[PDB]
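Remarks on the structure that follows.
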Amino acid sequence: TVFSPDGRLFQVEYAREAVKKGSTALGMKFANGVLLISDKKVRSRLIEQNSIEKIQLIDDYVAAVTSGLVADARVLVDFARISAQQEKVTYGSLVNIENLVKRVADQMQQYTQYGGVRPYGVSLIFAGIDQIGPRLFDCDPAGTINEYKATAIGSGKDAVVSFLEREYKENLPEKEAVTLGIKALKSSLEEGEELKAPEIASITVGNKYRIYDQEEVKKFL
Amino acid sequence: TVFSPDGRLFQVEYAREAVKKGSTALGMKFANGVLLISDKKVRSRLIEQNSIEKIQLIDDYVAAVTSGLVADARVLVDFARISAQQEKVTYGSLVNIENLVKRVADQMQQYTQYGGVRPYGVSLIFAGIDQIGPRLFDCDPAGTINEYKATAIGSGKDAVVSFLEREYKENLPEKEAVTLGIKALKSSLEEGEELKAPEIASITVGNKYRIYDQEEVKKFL
Amino acid sequence: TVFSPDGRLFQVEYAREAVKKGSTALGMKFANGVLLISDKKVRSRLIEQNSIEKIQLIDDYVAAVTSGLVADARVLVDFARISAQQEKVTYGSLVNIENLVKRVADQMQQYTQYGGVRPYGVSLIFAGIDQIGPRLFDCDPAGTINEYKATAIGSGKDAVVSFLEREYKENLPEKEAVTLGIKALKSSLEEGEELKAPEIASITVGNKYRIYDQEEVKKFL
Amino acid sequence: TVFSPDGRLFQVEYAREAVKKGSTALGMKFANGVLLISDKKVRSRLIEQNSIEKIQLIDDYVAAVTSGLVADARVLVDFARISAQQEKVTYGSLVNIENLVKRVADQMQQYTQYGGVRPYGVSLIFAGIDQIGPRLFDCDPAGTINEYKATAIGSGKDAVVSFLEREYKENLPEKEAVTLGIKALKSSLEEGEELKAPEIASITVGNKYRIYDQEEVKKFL
Amino acid sequence: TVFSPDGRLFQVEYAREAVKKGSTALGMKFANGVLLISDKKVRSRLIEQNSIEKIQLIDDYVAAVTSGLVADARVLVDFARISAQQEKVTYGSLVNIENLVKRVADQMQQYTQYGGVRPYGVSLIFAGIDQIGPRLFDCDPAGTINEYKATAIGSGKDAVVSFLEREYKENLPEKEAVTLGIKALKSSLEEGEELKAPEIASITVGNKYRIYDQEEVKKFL
Amino acid sequence: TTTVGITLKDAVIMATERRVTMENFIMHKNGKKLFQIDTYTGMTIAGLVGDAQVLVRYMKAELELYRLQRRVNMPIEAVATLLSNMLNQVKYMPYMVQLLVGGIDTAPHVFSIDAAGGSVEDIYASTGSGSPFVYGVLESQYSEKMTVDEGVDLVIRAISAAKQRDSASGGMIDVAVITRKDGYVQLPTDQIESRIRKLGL
Amino acid sequence: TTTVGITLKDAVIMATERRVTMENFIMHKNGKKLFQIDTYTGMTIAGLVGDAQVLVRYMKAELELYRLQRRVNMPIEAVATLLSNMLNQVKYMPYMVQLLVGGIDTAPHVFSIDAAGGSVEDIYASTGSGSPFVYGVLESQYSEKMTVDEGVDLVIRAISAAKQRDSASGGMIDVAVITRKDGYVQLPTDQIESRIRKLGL
Amino acid sequence: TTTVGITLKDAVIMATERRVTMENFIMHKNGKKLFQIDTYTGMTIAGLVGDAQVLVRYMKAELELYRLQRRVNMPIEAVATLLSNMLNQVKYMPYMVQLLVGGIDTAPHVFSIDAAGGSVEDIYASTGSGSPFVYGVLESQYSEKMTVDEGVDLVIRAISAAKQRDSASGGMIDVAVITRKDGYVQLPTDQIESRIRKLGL
Amino acid sequence: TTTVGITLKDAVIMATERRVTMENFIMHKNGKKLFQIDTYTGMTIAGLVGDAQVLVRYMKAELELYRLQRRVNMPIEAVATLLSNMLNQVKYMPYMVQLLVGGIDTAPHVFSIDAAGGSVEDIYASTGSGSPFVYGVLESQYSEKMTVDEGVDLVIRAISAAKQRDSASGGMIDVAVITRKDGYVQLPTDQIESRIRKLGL
């Protein structure tokens with residue numbers, strides 16, 4: 001990875017293109033909690049859907065969704081899990097999610113600076129509750145971090161964000177937040193398509209991360 | 001391995017082409033068990049067929065078939081065997097096959113990210129029974145993992161899958177599952193060819209992995 | 001990174017181009033203190049502005065702002081923080097800020113001399129108070145250090161400096177220094193645009209670094 | 001760095017071009033002492049001139065000036081300082097300055113022979129008094145060392161040397177040596193320009209290195 | 001460094017071209033001793049000639065002259081000095097100069113075989129007296145060693161050797177050997193030029209290496 | 001120190017004393033020896049406090065990561081096996097501890113793990129300087145057909161007896177009960193004190 | 001050495017003696033054992049001076065960096081946990097120290113940390129050769145419902161008693177009080193001397 | 001060995017004895033224990049000669065480099081802190097030394113540094129086998145309101161007393177005075193001998 | 001072993017005995033302890049022969065290389081400083097030696113270097129088991145205003161006395177004289193024997 005005459009890093013920009021081809025997922029803050037929704041694309045019938053999860057847990061109070069190269073995403077998630085455990089052993093607990101996200105982002109950043117390796121073709125959304133409150137972060141291939149009230153990654157990122165920028169309201173009831181999230185995903189669909197029951201997970205202050213059941217998802221679909 | 005302007009990794013895609021030239025094999029779940037069938041291609045008569053096995057065992061309850069570069073496949077199988085033993089020594093037993101598959105996939109993933117090496121030109125199918133139940137996974141050169149009810153690898157992959165998507169039924173008797181598998185392979189043959197007695201292995205819950213004898217195979221052929 | 005026939009290092013010059021695309025920030029000395037102002041660009045409404053800080057603290061008496069590749073900047077800031085702590089442990093206190101800046105610059109310089117890595121696409125401004133007095137330094141991708149009475153980095157660097165060269169006065173009251181800084185940033189704006197409440201921090205001799213509140217900023221805007 | 005068909009090393013020659021673009025400085029021996037003068041170029045008014053020094057001390061009896069890439073020069077000066085301290089710890093004192101210069105030059109030479117690195121774009125002048133007497137050395141990017149009665153580096157090198165070759169006299173009074181040095185620098189100026197108060201330092205036998213004050217410099221300007 | 005279709009190593013041949021541009025020096029055996037003469041080229045008047053030596057000592061009974069890249073030559077001389085000391089510590093004394101020369105040549109040879117480095121652009125002449133007698137060796141960039149009765153290196157090598165092949169006589173008196181050496185150098189001069197007092201050193205059996213004074217040189221000039 | 005763990009038809013009951021000795025006196029009257037390390041798994045520690053606390057932190061991290069990765073709680077025997085390996089690897093520079101690991105998978109289990117990594121499963125076990133007194137009580141009164149309430153009372157009596165003879169034992173009794181239905185439940189001191197009075201202790 | 005730390009409803013009070021022994025005599029009458037390591041956190045040291053001073057420097061650096069990175073003061077329990085790990089890692093080549101860590105988060109806490117990395121929370125604790133005398137006084141006079149001023153007086157009495165029996169104890173008493181309102185506050189010697197006179201000590 | 005360092009209003013006075021013992025006898029009557037290590041900083045050594053001489057060379061190099069890099073003389077406390085770290089790092093393979101570091105920044109300071117890296121600031125201190133005798137004299141005669149000349153005389157008396165009881169002490173007395181005005185000044189033996197006669201020693 | 005080195009106005013005189021002990025008997029009557037290591041520098045060794053011989057070889061190589069590189073003879077103090085560093089670096093696995101280094105720069109110097117790297121300059125010194133006897137003689141008879149011939153005679157008497165009381169001492173006396181004019185000169189046995197007879201020894 002080297003600089004162009006414009007001061008650009010092409011391998012990083014190309015990695016971003018890989019991300020754009022991944023599945024669509026979004027996250028949004030709501031009253032005393034954070035919501036994650038993944039637009040799981042259903043293909044074939046020979047796939048064991050029961051074993052396919054898009055929302056990973058890093059620990060009981062932190063979750064993430066990824067979009068981009070699947071193999072790379074798996075690796076970064078494992079890294080985040082291990083990193084989270086190291087912090088708990090060292091201090092006794094996790095205090096600020098932001099630092100976990102940074103440790104991950106730094107792992108990604110170095111792959112854009114040192115030769116012999118290619119950057120991770122992965123975009124992540126981190127969500128959870130910590131000492132400060134409910135938090136929601138993005139992390140791109142470059143290793144750039146931003147905290148959001150609401151965000152999205154994947155091929156539908158632009159459509160979903162555009163929708164959210166208009167419709168998103170603060171301090172919504174969990175049910176309203178989920179309802180909104182579903183509408184946002186639907187707006188990103190190709191003409192003639194439909195939204196399959198998405199994977200939904202949420203967490204509220206004082207609780208552990210909660211993953212919705214299949215029936216619970218359908219009720220909002 | 002670097003990114004193209006499209007966000008693609010050509011060396012990985014090329015590795016996939018190597019896989020497409022390998023032999024055809026399939027796997028399918030059935031009532032309380034998992035079936036593996038390999039379309040061993042018979043050539044010459046000077047080859048010691050008795051010593052040619054396509055279905056490898058990783059341990060008493062886990063088996064795999066591979067397609068692609070033979071030398072690479074052998075290496076990955078050895079890796080999986082060693083990895084499986086490490087888990088048993090560490091915890092006393094193997095609980096979740098999925099984790100074994102991941103350890104293998106991660107070994108493969110890094111070869112697509114670090115320079116100085118080429119990716120493995122190998123696709124694998126893992127099958128076995130663990131704490132959860134009968135399971136069936138694929139793993140490609142990229143290092144991507146998917147759990148299936150039924151799948152296939154090799155040059156006949158597309159034909160076999162197409163067939164299975166139409167004919168596959170859940171919770172079949174072992175004998176029916178084998179019968180179906182044979183039909184699936186036959187559908188992938190070049191016009192004018194025939195199916196030679198394939199290698200068949202299966203496992204049922206509570207038992208160890210069972211490999212069919214020569215006569216047993218012919219009865220379904 | 002190698003020399004051209006002109007004795008130039010293109011990768012370094014290209015890194016400088018990356019810096020030119022970053023946000024605008026300035027720093028200026030005033031009577032018994034140093035001021036830092038960052039032109040935080042406000043985009044969208046879905047970004048958690050409360051968590052977005054442009055002025056970092058290295059320690060209680062030293063702060064910095066950066067412009068260029070965000071991921072790289074984060075890394076250098078972390079380096080500076082760790083380095084500052086090492087000095088305190090070794091000697092019991094930080095005596096001369098200049099040396100901290102050099103340690104950072106040297107980290108940057110080596111990336112322009114050794115192959116296998118690219119230079120940091122980051123320009124930094126360091127400010128604080130030490131044994132000598134209030135101090136203000138720049139550090140560019142090359143690893144060049146200069147102490148200023150007033151300076152600026154980012155896309156608006158040229159406009160801001162030009163303004164300051166004309167309007168800057170020594171030994172101003174803090175309030176006058178801030179007022180001047182705001183005017184300087186406004187002069188760098190594209191026609192038709194406006195300045196959003198910038199992030200402001202200052203330190204005076206004998207005190208710790210002080211970050212302005214939101215209301216305090218608006219009073220000068 | 002490899003050889004051309006002419007037996008030339010282009011990367012070294014290119015490094016020399018980098019040096020030619022640096023500031024001008026000279027050194028000359030005089031009766032029982034050595035003089036260093038640096039043509040500090042004054043730019044802007046927002047630069048803290050009080051903190052800008054061109055003449056570095058390596059130890060109480062040894063000083064140096066550099067011209068070329070600033071970041072590289074800083075690194076070599078630090079190296080020389082550390083090296084000088086190692087010698088004192090090892091033997092109890094510094095006996096021959098020539099050896100210090102060689103240790104620096106050897107650090108530079110290896111960067112012209114090993115791949116993976118670029119040569120230092122720096123020319124240095126070393127001056128001081130040791131067991132033998134007042135001494136004055138140059139060191140270029142190649143790692144070549146020469147002892148001079150009088151010399152110069154930087155863009156004005158050719159003009160200054162030409163002047164000195166004609167006007168230089170041995171065993172001058174310090175005041176006469178300084179007067180001569182100022183004339184030499186003036187002769188190298190572009191038409192219409194003027195010489196700003198230069199940085200001047202000198203050492204005499206039995207004394208420590210002495211840096212001139214601002215008023216002292218003006219008296220000769 | 002790789003082979004051409006002719007079995008040639010171009011980087012080595014190019015290094016030889018670098019050598020051809022160096023100063024001229026010769027060596028010759030005489031009755032019970034060995035003589036070294038270096039055609040020091042005098043340039044400018046601002047160079048401290050008193051500190052410029054072309055004939056280096058490796059130890060009290062061994063000396064060398066070099067031609068080619070100056071920085072590289074310095075490095076090889078240092079190597080030879082260190083190597084000579086190691087032998088003395090190990091065995092108590094130096095017995096055969098040939099082995100010292102080989103250790104140096106081997107250091108040079110490896111730079112023509114391993115990548116990542118360039119060959120030394122240096123030709124050396126070694127002379128001294130050991131257990132066997134007065135000896136005189138050459139060593140080129142390739143790492144080739146030859147013992148001579150009389151030899152030469154540098155730009156004037158061809159002219160000097162041609163002369164010596166015709167005029168050289170064995171077992172000459174030291175004074176006659178020096179007289180001859182001076183004539184040999186003069187024959188290599190460009191038309192219209194003159195020979196400046198060269199640096200002369202000699203050693204006789206049972207003695208230590210002796211360097212001629214300035215007046216002694218002029219008497220033969 | 002006194003730690004006690006017993007199994008019943010479908011439950012594991014573990015209890016400890018709170019006294020901690022440092023610098024040869026009762027520096028702390030209210031320490032902690034009984035830990036939850038998983039949903040259905042608890043651990044008691046004995047021996048050097050420093051070493052023991054470190055091991056607990058490692059085990060918590062290790063089991064949590066296991067759960068997340070494999071989507072299942074680690075088998076109790078596997079938990080014991082980890083410790084066996086962790087401790088044996090440093091047997092020449094060992095942790096100065098004695099551990100009890102208990103919990104439920106498909107059945108209740110209690111493992112006793114020594115500092116050499118030796119791990120043995122049993123019906124009941126105790127560790128610490130007061131363990132000989134606990135064994136006396138359990139050996140005489142323990143019954144496999146006991147109810148969970150009878151179990152809790154026995155554990156209190158066993159520890160209470162140890163507190164009367166072991167000078168290193170003392171403090172309030174901590175009791176935890178693990179069942180599949182409820183999971184790891186730590187009993188209120190209100191209930192424990194009530195039982196203590198009823199038992200005439 | 002004598003160090004004392006106690007908790008009250010909403011405050012932590014820590015105090016130490018100043019005497020330092022080197023080469024078997026009272027080389028220094030005015031050393032320092034009570035340190036501020038964070039905005040609301042203090043530490044007292046005991047044992048070998050060299051080791052203790054090094055640990056204090058590390059802790060200051062570690063907590064400052066933590067604050068800057070996470071924009072929040074480290075929890076007291078986390079502070080204790082760091083030390084536990086730092087000390088345990090070198091247990092075979094240990095720091096010869098005994099530490100007290102006290103401060104306020106949402107509540108006042110005092111931790112006692114041994115050289116093995118053993119860390120136990122308590123209501124009050126003391127370290128050093130004179131600690132047995134302090135415990136005597138606190139055990140008899142300490143009350144949870146005490147005011148901050150009553151607290152300070154108790155701490156002075158406890159140390160003063162130690163100074164009368166422990167030959168390794170002596171010097172002026174340093175007292176610091178930590179509250180959320182004021183933060184870490186070091187008391188003037190003027191106030192301490194005044195209290196000493198009033199208490200008839 | 002006897003080394004003495006005291007502070008006064010605006011000065012630091014340090015002195016030592018010259019006797020050096022090797023192979024159990026007075027091999028050298030005129031060694032050196034008092035060193036200048038910076039413009040306004042001096043050091044005295046005690047303990048093993050080899051170790052001490054090495055440390056002095058390191059400190060000179062370290063402080064000189066510091067000055068050049070930061071364009072300022074290192075604070076005395078920082079000088080002491082370096083030694084603390086240098087010595088503590090090798091505490092298990094230690095330097096067999098006792099050091100005094102004194103000098104002026106904005107105020108005069110004297111630090112006593114042990115082999116464990118323990119560093120404590122004081123008004124006066126002494127090291128070496130004869131230090132107990134020096135403390136006796138200083139404890140009785142030292143006064144904070146003393147002049148620099150009164151200070152020098154006290155230091156001579158204190159060492160002279162040590163020379164009469166400590167068999168390891170002896171030789172001519174070296175005295176150095178550090179002030180901001182003059183910097184580190186080594187007193188002539190002519191002045192010291194004169195004072196010795198006047199004092200009736 | 002007995003080695004002696006003294007300074008005079010413009011000269012250094014060094015002498016040793018030749019006896020070498022191995023396996024607890026006089027295995028060698030004619031060893032070598034006095035070495036030239038530079039043009040104007042000599043060294044005497046004592047202690048373990050193996051270690052000492054190795055050091056001499058290193059010093060010769062080190063000083064020769066220095067000369068060639070810097071075109072000047074190394075200062076005597078610098079020579080001593082090297083040894084100090086070389087020996088101190090291995091102080092825990094030390095060379096079992098005692099060295100004397102003497103020579104001329106602008107003045108004559110004699111350094112005594114112990115196995116810990118301790119280096120002290122003096123007017124005269126001696127090493128080896130017989131050194132106490134040499135000191136007796138020198139202490140009584142040595143005079144700073146002595147001539148080089150008077151110096152040589154004193155050195156012979158001092159060693160001769162040691163040979164009469166130290167069972168580890170004996171053999172012919174080696175004497176070397178170092179001056180700027182002549183450099184290191186080893187005296188003929190013919191001259192030494194002549195002096196011995198004249199002195200009535």
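Quick note on naming: the chains in the structure tokens go A, B, ... in the order shown, residues restart at 1 in each chain, and ligands are numbered from 1 in order of appearance.
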
To test your reading of the structure, identify every residue in range 3-182 of chain E that backbone DSSP assigns to helix (DSSP H, G or I), and report it as a ChimeraX atom specification. /E:10-19,49-51,70-91,97-112,157-167,174-182

Would you pick out the contacts of range 175-178 of chain G at 10 Å or less, using only C-alpha atoms, so that residues sharing its chain but fewer than 5 positions from it are not included, and give the list as number ranges by chain? G: 4-7, 10-17, 34-36, 39-42, 102-104, 108, 148, 151-152, 155-156, 183-189, 191-192

Residues near residue 116 in chain I, cut-off 6 Å, only C-alpha atoms, skip fewer than 3 positions along chain, as a count of residues only: 3

If we count only C-alpha atoms, what is near residue 30 in chain H at a cut-off of 9 Å, once residues fewer than 2 positions away on the same chain are taken out, given as a count of residues only? 11

Excluding residue 87 in chain C and its own-chain neighbours fewer than 5 positions away, which residues fall within 12 Å of it when counting only C-alpha atoms? Please give them as a list in words. residues 59, 80, 81, 82, 92, 93, 94, 95, 96, 97, 99, 100 and 103 of chain C; 57, 58 and 61 of chain G; 78, 81 and 82 of chain H

Please save N, CA, C and O atoms of the selected residues as a PDB file, in the first residue's frame.
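Done, and the output landed in part.pdb:
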```pdb
ATOM      1  N   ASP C  59      -1.250  14.688  27.793  1.00  0.00           N
ATOM      2  CA  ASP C  59      -1.220  14.675  29.238  1.00  0.00           C
ATOM      3  C   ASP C  59      -1.882  15.948  29.731  1.00  0.00           C
ATOM      4  O   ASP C  59      -2.357  16.745  28.933  1.00  0.00           O
ATOM      5  N   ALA C  80       2.343   9.126  21.069  1.00  0.00           N
ATOM      6  CA  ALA C  80       2.742  10.280  21.856  1.00  0.00           C
ATOM      7  C   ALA C  80       2.336  10.125  23.317  1.00  0.00           C
ATOM      8  O   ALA C  80       3.110  10.450  24.211  1.00  0.00           O
ATOM      9  N   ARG C  81       1.135   9.610  23.566  1.00  0.00           N
ATOM     10  CA  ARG C  81       0.678   9.405  24.939  1.00  0.00           C
ATOM     11  C   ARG C  81       1.542   8.421  25.686  1.00  0.00           C
ATOM     12  O   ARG C  81       1.938   8.674  26.822  1.00  0.00           O
ATOM     13  N   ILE C  82       1.852   7.320  25.055  1.00  0.00           N
ATOM     14  CA  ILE C  82       2.686   6.315  25.676  1.00  0.00           C
ATOM     15  C   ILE C  82       4.075   6.868  25.926  1.00  0.00           C
ATOM     16  O   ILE C  82       4.645   6.663  26.994  1.00  0.00           O
ATOM     17  N   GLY C  92      10.328  11.382  36.434  1.00  0.00           N
ATOM     18  CA  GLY C  92       9.409  11.864  37.455  1.00  0.00           C
ATOM     19  C   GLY C  92       8.488  12.970  36.933  1.00  0.00           C
ATOM     20  O   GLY C  92       7.424  13.220  37.504  1.00  0.00           O
ATOM     21  N   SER C  93       8.887  13.616  35.850  1.00  0.00           N
ATOM     22  CA  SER C  93       8.076  14.666  35.257  1.00  0.00           C
ATOM     23  C   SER C  93       8.509  14.972  33.835  1.00  0.00           C
ATOM     24  O   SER C  93       9.607  14.614  33.417  1.00  0.00           O
ATOM     25  N   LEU C  94       7.649  15.670  33.104  1.00  0.00           N
ATOM     26  CA  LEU C  94       7.988  16.134  31.770  1.00  0.00           C
ATOM     27  C   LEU C  94       8.530  17.546  31.862  1.00  0.00           C
ATOM     28  O   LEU C  94       7.892  18.425  32.443  1.00  0.00           O
ATOM     29  N   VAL C  95       9.721  17.757  31.322  1.00  0.00           N
ATOM     30  CA  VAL C  95      10.394  19.045  31.437  1.00  0.00           C
ATOM     31  C   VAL C  95      10.312  19.873  30.166  1.00  0.00           C
ATOM     32  O   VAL C  95      10.061  21.073  30.226  1.00  0.00           O
ATOM     33  N   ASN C  96      10.559  19.245  29.021  1.00  0.00           N
ATOM     34  CA  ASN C  96      10.603  19.970  27.761  1.00  0.00           C
ATOM     35  C   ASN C  96       9.758  19.278  26.683  1.00  0.00           C
ATOM     36  O   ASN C  96      10.088  18.184  26.228  1.00  0.00           O
ATOM     37  N   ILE C  97       8.659  19.925  26.294  1.00  0.00           N
ATOM     38  CA  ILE C  97       7.721  19.378  25.309  1.00  0.00           C
ATOM     39  C   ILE C  97       8.396  19.082  23.986  1.00  0.00           C
ATOM     40  O   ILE C  97       8.010  18.152  23.278  1.00  0.00           O
ATOM     41  N   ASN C  99      11.003  17.640  23.294  1.00  0.00           N
ATOM     42  CA  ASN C  99      11.543  16.301  23.196  1.00  0.00           C
ATOM     43  C   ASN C  99      10.467  15.277  22.923  1.00  0.00           C
ATOM     44  O   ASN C  99      10.712  14.278  22.251  1.00  0.00           O
ATOM     45  N   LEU C 100       9.270  15.527  23.414  1.00  0.00           N
ATOM     46  CA  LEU C 100       8.161  14.645  23.130  1.00  0.00           C
ATOM     47  C   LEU C 100       7.835  14.710  21.657  1.00  0.00           C
ATOM     48  O   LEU C 100       7.602  13.685  21.015  1.00  0.00           O
ATOM     49  N   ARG C 103      10.408  12.758  19.650  1.00  0.00           N
ATOM     50  CA  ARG C 103      10.208  11.317  19.684  1.00  0.00           C
ATOM     51  C   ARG C 103       9.128  10.897  18.693  1.00  0.00           C
ATOM     52  O   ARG C 103       9.253   9.863  18.029  1.00  0.00           O
TER      53      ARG C 103
ATOM     54  N   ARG G  57       5.177   5.113  40.824  1.00  0.00           N
ATOM     55  CA  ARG G  57       5.385   5.761  39.536  1.00  0.00           C
ATOM     56  C   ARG G  57       4.645   5.043  38.420  1.00  0.00           C
ATOM     57  O   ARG G  57       4.029   5.686  37.568  1.00  0.00           O
ATOM     58  N   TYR G  58       4.671   3.714  38.433  1.00  0.00           N
ATOM     59  CA  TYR G  58       3.957   2.951  37.423  1.00  0.00           C
ATOM     60  C   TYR G  58       2.468   3.193  37.507  1.00  0.00           C
ATOM     61  O   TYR G  58       1.814   3.392  36.487  1.00  0.00           O
ATOM     62  N   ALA G  61       1.353   6.567  36.129  1.00  0.00           N
ATOM     63  CA  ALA G  61       1.370   6.569  34.679  1.00  0.00           C
ATOM     64  C   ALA G  61       0.220   5.763  34.107  1.00  0.00           C
ATOM     65  O   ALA G  61      -0.412   6.173  33.128  1.00  0.00           O
TER      66      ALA G  61
ATOM     67  N   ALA H  78      14.870  14.676  39.515  1.00  0.00           N
ATOM     68  CA  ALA H  78      14.929  13.831  38.330  1.00  0.00           C
ATOM     69  C   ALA H  78      16.217  13.024  38.310  1.00  0.00           C
ATOM     70  O   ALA H  78      16.227  11.870  37.885  1.00  0.00           O
ATOM     71  N   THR H  81      15.696  10.291  40.641  1.00  0.00           N
ATOM     72  CA  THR H  81      14.744   9.337  40.072  1.00  0.00           C
ATOM     73  C   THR H  81      15.430   8.394  39.075  1.00  0.00           C
ATOM     74  O   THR H  81      15.158   7.198  39.091  1.00  0.00           O
ATOM     75  N   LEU H  82      16.326   8.915  38.246  1.00  0.00           N
ATOM     76  CA  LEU H  82      17.097   8.048  37.358  1.00  0.00           C
ATOM     77  C   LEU H  82      17.796   6.971  38.108  1.00  0.00           C
ATOM     78  O   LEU H  82      17.704   5.795  37.763  1.00  0.00           O
TER      79      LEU H  82
END
```

Neighbours of residue 89 in chain H within 12 Å (only C-alpha atoms; same-chain residues fewer than 3 positions away dropped), as a ChimeraX atom specification? /C:90 /G:50-51,54,93,95 /H:82-86,92-95,115-118

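As for CA of residue 187 in chain D and CA of residue 45 in chain D, they are spaced 25.6 Å apart.
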
Could you please write out, as number ranges by chain, every residue of range 89-176 of chain F that DSSP assigns to strand (DSSP E)? F: 99-104, 108-113, 119-122, 124-127, 174-176

Spatial neighbours of residue 45 in chain I, max dist 10 Å, only C-alpha atoms, sep filter under 6 positions, as JSON, numbers by chain: {"I": [1, 2, 3, 16, 32, 33, 34, 35, 51, 52, 53, 55, 56, 97, 98, 99, 100, 101, 127, 128]}

Kindly provide the residues of chain C that approach chain A to within 9 Å, each paired with its closest atom pair and their distance in Å to one decimal, based on only C-alpha atoms, listed by chain and increasing number, as a tab-separated table.
```
residue	atom	partner	partner_atom	distance
C:10	CA	A:5	CA	8.3
C:11	CA	A:3	CA	6.3
C:12	CA	A:3	CA	8.7
C:13	CA	A:5	CA	8.2
C:14	CA	A:7	CA	4.9
C:15	CA	A:7	CA	5.5
C:16	CA	A:7	CA	7.1
C:17	CA	A:7	CA	4.8
C:18	CA	A:7	CA	4.1
C:19	CA	A:7	CA	7.8
C:20	CA	A:7	CA	8.7
C:21	CA	A:7	CA	8.5
C:44	CA	A:165	CA	7.3
C:45	CA	A:165	CA	6.9
C:46	CA	A:149	CA	5.0
C:47	CA	A:148	CA	4.3
C:48	CA	A:148	CA	4.9
C:49	CA	A:147	CA	8.0
C:51	CA	A:147	CA	6.7
C:52	CA	A:147	CA	7.7
C:69	CA	A:144	CA	8.8
C:70	CA	A:144	CA	6.3
C:71	CA	A:144	CA	5.3
C:72	CA	A:109	CA	7.4
C:74	CA	A:106	CA	8.6
C:75	CA	A:106	CA	7.4
C:115	CA	A:115	CA	8.6
C:116	CA	A:115	CA	5.0
C:117	CA	A:114	CA	4.7
C:118	CA	A:113	CA	5.6
C:119	CA	A:113	CA	7.9
C:120	CA	A:113	CA	8.2
C:121	CA	A:7	CA	7.9
```

Distance CA of residue 160 in chain A-CA of residue 32 in chain A, one decimal place? 22.6 Å
